[PDB]
Amino acid sequence: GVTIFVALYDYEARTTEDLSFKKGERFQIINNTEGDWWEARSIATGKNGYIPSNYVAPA
C-alpha cells in the first residue's frame, strides 16, 4: 500500500509535522490518501511527515 513519488520543488516545512525536502528527493506515499497533504516517508532521509500533494509526481 505504498507508491513512490518524486519532489518537483524544494519545500521548507510549514508545520513541525511537515517534512522538509529537496527537489528530486523520492518518497513513499501511503496509498489510502487524499486532501492536499499526504503522509510521506523520504527514501533519502527515512523521515516521515506531511507534504503538499501538488509538490510531487509519481515515479
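Annotations
- Pick from region 12-46, criterion part of a loop (DSSP other than H, G, I, E, B) and hydroxyl-bearing (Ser, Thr, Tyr), ranking: surrounded by the most Cβ atoms within 10 Å (Cβ to Cβ): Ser20
- Members of region 47-59 that are among the small types (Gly, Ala, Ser) and surrounded by 14 or more Cβ atoms within 10 Å (Cβ to Cβ): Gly49, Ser53
- The residues on offer are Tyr50, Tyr9, and the sole one that is in a strand (DSSP E or B) and out of contact with any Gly (no Cβ under 6 Å at 6 or more places or on another chain) is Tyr50.
- Looking only at region 1-11, and only at residues there that are touching a helix residue (DSSP H, G or I) at 6+ places or on another chain (Cβ under 7 Å) and hydroxyl-bearing (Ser, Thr, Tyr), the one that is surrounded by the fewest Cβ atoms within 10 Å (Cβ to Cβ): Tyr9
Here Cβ is always computed from backbone atoms with ideal geometry, including for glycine, and neighbour counts include all displayed protein chains. Coordinate-derived values only; no laboratory data.
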